[PDB]
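**Student:** What follows is a structure written as structure tokens; I'll ask about it next.
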Amino acid sequence: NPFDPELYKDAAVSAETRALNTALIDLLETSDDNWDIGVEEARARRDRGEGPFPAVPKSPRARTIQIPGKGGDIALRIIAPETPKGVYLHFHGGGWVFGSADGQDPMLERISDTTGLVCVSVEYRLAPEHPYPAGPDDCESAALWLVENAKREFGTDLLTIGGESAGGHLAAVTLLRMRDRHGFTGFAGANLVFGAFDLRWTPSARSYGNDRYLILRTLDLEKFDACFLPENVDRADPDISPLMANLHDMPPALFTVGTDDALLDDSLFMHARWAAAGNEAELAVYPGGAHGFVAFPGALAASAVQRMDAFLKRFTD
Ligand SMILES: [Cl-]
């Protein structure tokens, strides 16, 4: 199914999806570029709800747990059911530069209500103020804290992980760190939503181009790279590009991606290697889907959401 070539042709893109993408492109090309206004101003504009996209409401159910990290306290954002059936450890996207733990409360609340999972979203340090390995260090600190304390805090030891884009990257990096550095392979499932797994940039990431500002341009990836990775690094390092890693004994994973995404190849490649290492692996490909398409209205996003939430719910009983 996800390798049906028809899935990748223009004909498979619904009228609704094409129209949404066209409007998003226009919206983004009309508004000031984030790289033109600079990082801090771009964050500040999103903060006061002034960005291309309308602000995202915060849940009154959200509460915060400060845990210790290498660079100080790390904020863990919590949305919990009355009786948690497990934990969803979540990492926001934003190219290791933008986004926040409190930037997607509606989604987290939806996940928690449907799955019965307590959602824990991590405020990991952001580049370029705090380049690699700061972000990954904080995500590892969170995962470690959960393994140690989830029973006490939430009355459960069932752990899942997930994230969008750079958050998907971080989810994979964190899984591999927990296995390699701490001998822990106890996560039950991984929700990897259009993540970046090869920071050398896969073919589709290099060739997507900038002529069409559909959420994510090749330019954006190049800028994220410059912020996140010091000159000192080797992008082939498995801690930097999880696609390069030995993937043995990883949890079941769902890879969710649209065909109109610069990072398409990242999900296709990571899926293939995930399966080839002997793990359970599902690839869900959505025709015409933009990068970040699951946040938008419309039937295509709704279908991806149903699939992802059902995937997470599976690991609870
Ligand atoms: Cl066609």
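A note on labels: chains of the structure tokens are A, B, ... as shown, every chain counts residues from 1, and ligands are counted from 1 in their shown order.
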Leaving out residue A:239 and any residue of its chain fewer than 3 positions from it, which residues lie within 12 Å of it when counting only C-alpha atoms, given as number ranges by chain?

**Tutor:** A: 132-133, 135-137, 140, 169-178, 180-181, 197-199, 229, 233-236, 242-247

**Student:** Store the residues of this selection in a file with N, CA and C atoms, as a tab-separated table (two decimals), in the first residue's frame.

**Tutor:**
chain	number	residue	atom	x	y	z
A	132	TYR	N	23.36	20.99	19.58
A	132	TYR	CA	23.64	19.60	19.90
A	132	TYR	C	24.91	19.53	20.74
A	133	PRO	N	24.93	18.68	21.79
A	133	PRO	CA	23.90	17.71	22.20
A	133	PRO	C	22.87	18.17	23.24
A	135	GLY	N	19.70	19.51	23.28
A	135	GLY	CA	18.35	18.97	23.10
A	135	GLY	C	18.23	17.49	23.40
A	136	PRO	N	19.04	16.65	22.73
A	136	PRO	CA	19.08	15.22	23.01
A	136	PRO	C	19.41	14.89	24.47
A	137	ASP	N	20.35	15.62	25.07
A	137	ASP	CA	20.66	15.42	26.49
A	137	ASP	C	19.41	15.59	27.36
A	140	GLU	N	16.95	12.68	26.81
A	140	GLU	CA	17.44	11.52	27.55
A	140	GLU	C	17.17	11.66	29.05
A	169	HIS	N	12.82	12.81	15.20
A	169	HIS	CA	14.26	12.64	15.33
A	169	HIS	C	14.68	12.37	16.77
A	170	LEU	N	14.26	13.25	17.67
A	170	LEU	CA	14.63	13.15	19.08
A	170	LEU	C	14.09	11.88	19.73
A	171	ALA	N	12.89	11.47	19.34
A	171	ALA	CA	12.30	10.25	19.87
A	171	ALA	C	13.18	9.04	19.53
A	172	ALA	N	13.67	9.00	18.29
A	172	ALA	CA	14.52	7.91	17.85
A	172	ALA	C	15.87	7.95	18.56
A	173	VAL	N	16.50	9.12	18.55
A	173	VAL	CA	17.78	9.32	19.24
A	173	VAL	C	17.69	8.92	20.72
A	174	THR	N	16.57	9.27	21.36
A	174	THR	CA	16.36	8.96	22.76
A	174	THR	C	16.21	7.46	23.00
A	175	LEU	N	15.41	6.79	22.16
A	175	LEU	CA	15.29	5.34	22.20
A	175	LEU	C	16.66	4.66	22.14
A	176	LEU	N	17.48	5.10	21.19
A	176	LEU	CA	18.78	4.49	20.96
A	176	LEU	C	19.74	4.80	22.12
A	177	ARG	N	19.62	5.99	22.69
A	177	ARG	CA	20.43	6.34	23.86
A	177	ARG	C	20.03	5.50	25.06
A	178	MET	N	18.74	5.28	25.24
A	178	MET	CA	18.27	4.49	26.38
A	178	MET	C	18.76	3.05	26.26
A	180	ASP	N	21.56	2.05	24.32
A	180	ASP	CA	23.03	2.00	24.30
A	180	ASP	C	23.66	2.39	25.64
A	181	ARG	N	23.25	3.53	26.17
A	181	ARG	CA	23.89	4.07	27.37
A	181	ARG	C	23.38	3.45	28.66
A	197	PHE	N	15.68	11.78	9.97
A	197	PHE	CA	16.53	10.72	10.49
A	197	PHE	C	17.92	10.71	9.88
A	198	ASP	N	18.08	11.37	8.74
A	198	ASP	CA	19.39	11.52	8.13
A	198	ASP	C	19.72	13.01	8.00
A	199	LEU	N	20.60	13.51	8.86
A	199	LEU	CA	20.84	14.95	8.91
A	199	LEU	C	21.89	15.37	7.87
A	229	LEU	N	23.70	21.85	14.67
A	229	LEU	CA	24.97	21.14	14.64
A	229	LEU	C	26.17	22.08	14.54
A	233	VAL	N	30.96	18.53	14.13
A	233	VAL	CA	30.31	17.23	14.03
A	233	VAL	C	30.52	16.47	12.73
A	234	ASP	N	30.24	15.17	12.82
A	234	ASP	CA	30.16	14.28	11.68
A	234	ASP	C	28.71	13.82	11.58
A	235	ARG	N	28.00	14.30	10.57
A	235	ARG	CA	26.57	14.04	10.45
A	235	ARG	C	26.22	12.56	10.27
A	236	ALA	N	27.23	11.73	10.05
A	236	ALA	CA	27.01	10.29	9.90
A	236	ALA	C	26.97	9.59	11.26
A	242	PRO	N	20.05	9.07	13.27
A	242	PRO	CA	19.61	7.76	13.77
A	242	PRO	C	19.43	6.73	12.65
A	243	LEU	N	19.24	7.18	11.41
A	243	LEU	CA	19.19	6.26	10.27
A	243	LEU	C	20.48	5.46	10.17
A	244	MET	N	21.58	6.03	10.66
A	244	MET	CA	22.88	5.35	10.58
A	244	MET	C	23.07	4.33	11.69
A	245	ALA	N	22.13	4.29	12.64
A	245	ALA	CA	22.31	3.47	13.84
A	245	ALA	C	21.93	2.00	13.65
A	246	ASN	N	22.51	1.14	14.47
A	246	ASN	CA	22.03	-0.22	14.62
A	246	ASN	C	20.69	-0.18	15.33
A	247	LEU	N	19.65	-0.70	14.68
A	247	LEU	CA	18.30	-0.53	15.19
A	247	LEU	C	17.74	-1.75	15.90

**Student:** Between chain A and ligand 1, at 10 Å or less, what are the per-residue closest atom pairs and their distances in Å? Count only C-alpha atoms and all ligand atoms, order by chain and rising residue number, and return it as JSON lines.

**Tutor:**
{"residue": "A:6", "atom": "CA", "partner": "ligand 1", "partner_atom_place_in_ligand_line": "1 (Cl)", "distance": 8.3}
{"residue": "A:7", "atom": "CA", "partner": "ligand 1", "partner_atom_place_in_ligand_line": "1 (Cl)", "distance": 10.0}
{"residue": "A:8", "atom": "CA", "partner": "ligand 1", "partner_atom_place_in_ligand_line": "1 (Cl)", "distance": 8.7}
{"residue": "A:9", "atom": "CA", "partner": "ligand 1", "partner_atom_place_in_ligand_line": "1 (Cl)", "distance": 4.9}
{"residue": "A:10", "atom": "CA", "partner": "ligand 1", "partner_atom_place_in_ligand_line": "1 (Cl)", "distance": 4.0}
{"residue": "A:11", "atom": "CA", "partner": "ligand 1", "partner_atom_place_in_ligand_line": "1 (Cl)", "distance": 4.1}
{"residue": "A:12", "atom": "CA", "partner": "ligand 1", "partner_atom_place_in_ligand_line": "1 (Cl)", "distance": 7.3}
{"residue": "A:13", "atom": "CA", "partner": "ligand 1", "partner_atom_place_in_ligand_line": "1 (Cl)", "distance": 8.8}

**Student:** Output as JSON lines one row per residue of stretch 112-186 of chain A within 7 Å of stretch 74-98 of chain A: the closest atom pair and its distance in Å to one decimal place, counting only C-alpha atoms, sorted by chain and residue number ascending.

**Tutor:**
{"residue": "A:112", "atom": "CA", "partner": "A:80", "partner_atom": "CA", "distance": 6.6}
{"residue": "A:113", "atom": "CA", "partner": "A:81", "partner_atom": "CA", "distance": 6.8}
{"residue": "A:116", "atom": "CA", "partner": "A:85", "partner_atom": "CA", "distance": 5.4}
{"residue": "A:117", "atom": "CA", "partner": "A:86", "partner_atom": "CA", "distance": 4.8}
{"residue": "A:118", "atom": "CA", "partner": "A:80", "partner_atom": "CA", "distance": 4.3}
{"residue": "A:119", "atom": "CA", "partner": "A:88", "partner_atom": "CA", "distance": 4.8}
{"residue": "A:120", "atom": "CA", "partner": "A:78", "partner_atom": "CA", "distance": 4.9}
{"residue": "A:121", "atom": "CA", "partner": "A:90", "partner_atom": "CA", "distance": 4.5}
{"residue": "A:122", "atom": "CA", "partner": "A:76", "partner_atom": "CA", "distance": 4.9}
{"residue": "A:123", "atom": "CA", "partner": "A:75", "partner_atom": "CA", "distance": 5.3}
{"residue": "A:124", "atom": "CA", "partner": "A:74", "partner_atom": "CA", "distance": 6.7}
{"residue": "A:126", "atom": "CA", "partner": "A:97", "partner_atom": "CA", "distance": 5.0}
{"residue": "A:127", "atom": "CA", "partner": "A:97", "partner_atom": "CA", "distance": 4.7}
{"residue": "A:128", "atom": "CA", "partner": "A:97", "partner_atom": "CA", "distance": 6.6}
{"residue": "A:154", "atom": "CA", "partner": "A:84", "partner_atom": "CA", "distance": 6.3}
{"residue": "A:156", "atom": "CA", "partner": "A:86", "partner_atom": "CA", "distance": 5.4}
{"residue": "A:157", "atom": "CA", "partner": "A:86", "partner_atom": "CA", "distance": 6.4}
{"residue": "A:158", "atom": "CA", "partner": "A:86", "partner_atom": "CA", "distance": 4.6}
{"residue": "A:159", "atom": "CA", "partner": "A:87", "partner_atom": "CA", "distance": 4.9}
{"residue": "A:160", "atom": "CA", "partner": "A:88", "partner_atom": "CA", "distance": 4.7}
{"residue": "A:161", "atom": "CA", "partner": "A:89", "partner_atom": "CA", "distance": 4.5}
{"residue": "A:162", "atom": "CA", "partner": "A:90", "partner_atom": "CA", "distance": 5.1}
{"residue": "A:163", "atom": "CA", "partner": "A:91", "partner_atom": "CA", "distance": 4.6}
{"residue": "A:164", "atom": "CA", "partner": "A:93", "partner_atom": "CA", "distance": 5.0}
{"residue": "A:165", "atom": "CA", "partner": "A:93", "partner_atom": "CA", "distance": 5.0}
{"residue": "A:166", "atom": "CA", "partner": "A:93", "partner_atom": "CA", "distance": 4.7}
{"residue": "A:167", "atom": "CA", "partner": "A:91", "partner_atom": "CA", "distance": 4.4}
{"residue": "A:170", "atom": "CA", "partner": "A:91", "partner_atom": "CA", "distance": 6.9}
{"residue": "A:171", "atom": "CA", "partner": "A:91", "partner_atom": "CA", "distance": 6.8}

**Student:** Provide the atom CA of residue A:40 to atom CA of residue A:129 distance in Å, to one decimal place.

**Tutor:**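 Separation of atom CA of residue A:40 and atom CA of residue A:129: 10.2 Å.
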
**Student:** Where in stretch 181-216 of chain A does DSSP assign alpha helix (DSSP H), given as a ChimeraX atom specification?

**Tutor:** /A:181-182,203-207

**Student:** List the spatial neighbours of residue A:141 as a PyMOL selection string - criterion: any atom at most 8 Å away, only C-alpha atoms, same-chain residues fewer than 4 positions off excluded.

**Tutor:** chain A and resi 68-69+137+145
